[PDB]
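Next up is one chain by itself, shown in structure tokens, the form deposited in one PDB entry.
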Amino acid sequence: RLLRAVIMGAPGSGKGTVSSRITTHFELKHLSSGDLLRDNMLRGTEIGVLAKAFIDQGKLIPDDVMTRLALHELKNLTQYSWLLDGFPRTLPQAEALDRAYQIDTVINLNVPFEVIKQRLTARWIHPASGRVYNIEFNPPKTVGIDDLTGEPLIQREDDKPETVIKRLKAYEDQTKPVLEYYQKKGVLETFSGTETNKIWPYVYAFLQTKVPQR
């Protein structure tokens, strides 16, 4: 039985790293909705130009548009094991997917809000030089100050707590119904933790029972 899987996780949860590792260790196709959108935007396809119109304005792709795009990619990939990442993002997407394919495995990375928030708000910049500081991994010698110049660091808008809080609230509003949908269907597997490297072995062992290695 070929894998018919979805992976879910908030921004900053480590889902990107886990999906990357899944793809390197297992013989499957990684189907990232963001990659698919970007391929179409790069090539200027009909759906790519429409997607660009939304993304350039910071808008979600409408459900019907996104589902049409995703199903078209899947339609010629049924000879392969699949790992859907980024789709379904919303309950209408998940219900539309359910009318097209039987999804047998949904992985969720359950990482605490405070942990995610700290990860997503950690980046500070010295604008003139472009030097990057990460409160967790390469902090400045003096809080809030550039090491070479003594000048203030700033946060880019995407990295500020106000923006991050809104982003995580949106993710929760959109995806909590999807998680509950798959929980009810009995296909949800939840991995909880605070460090990607401590979660990955358990995801790895779980998938070892479901799809061949690469």
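For clarity, a rigid core is taken as the largest C-alpha set superposing within 1.5 Å between two forms. Just count from 1 along the sequence shown to find any residue number.
J.: Which wins on mean Cα temperature factor, 155 to 163 or 185 to 193?
T.: If you average the C-alpha B-factors of 155 to 163 and of 185 to 193, the larger mean comes out for 155 to 163.
J.: With reference to the PDB entry, specify whether the mean Cα temperature factor is higher for 94 to 102 or for 130 to 138.
T.: The stretch with the larger average C-alpha B-factor is 130 to 138.
J.: Given 31, 37, 28, 49, identify the residue with the highest C-alpha B factor in the PDB entry.
T.: Highest C-alpha B-factor among the listed options: 28.
J.: Tell me, lowest, middle or highest third: where does the Cα B factor of residue 180 rank within its chain?
T.: As the PDB entry reports it, the C-alpha B-factor of residue 180 lands in the lowest third of its chain.
J.: What third of its chain, lowest, middle or highest, does the C-alpha temperature factor of residue 86 fall into?
T.: Middle third.
J.: Rank-wise, by C-alpha B-factor, drop residue 211 into the lowest, middle or highest third of its chain.
T.: Highest third, going by the recorded CA B-factors of the chain.
J.: Per the entry's values, where does residue 146 land by CA temperature factor relative to the rest of its chain, in the lowest, middle or highest third?
T.: Lowest third.
J.: Which third of the chain holds residue 118 when residues are ordered by C-alpha B factor: lowest, middle or highest?
T.: It falls in the middle third of the chain.
Same protein, other form: the form deposited in another entry, not shown, and the subject of what follows.
J.: So with the core overlaid, does the Cα of residue 82 end up 2 Å or more away between the shown form and the other one?
T.: Comparing the forms between the shown form and the other one, which are aligned on their rigid core, residue 82 does not shift its C-alpha by 2 Å or more.
J.: Quick one: once the rigid core is lined up, does residue 161 have its C-alpha move by 2 Å or more between the shown form and the other one?
T.: Yes; residue 161 is a residue whose C-alpha shifts (by 2 Å or more) between the shown form and the other one when the cores are overlaid.
J.: Note yes or no: does the Cα of residue 38 move by 2 Å or more between the shown form and the other one after the core is superposed?
T.: Yes, the C-alpha position differs by at least 2 Å between the shown form and the other one.
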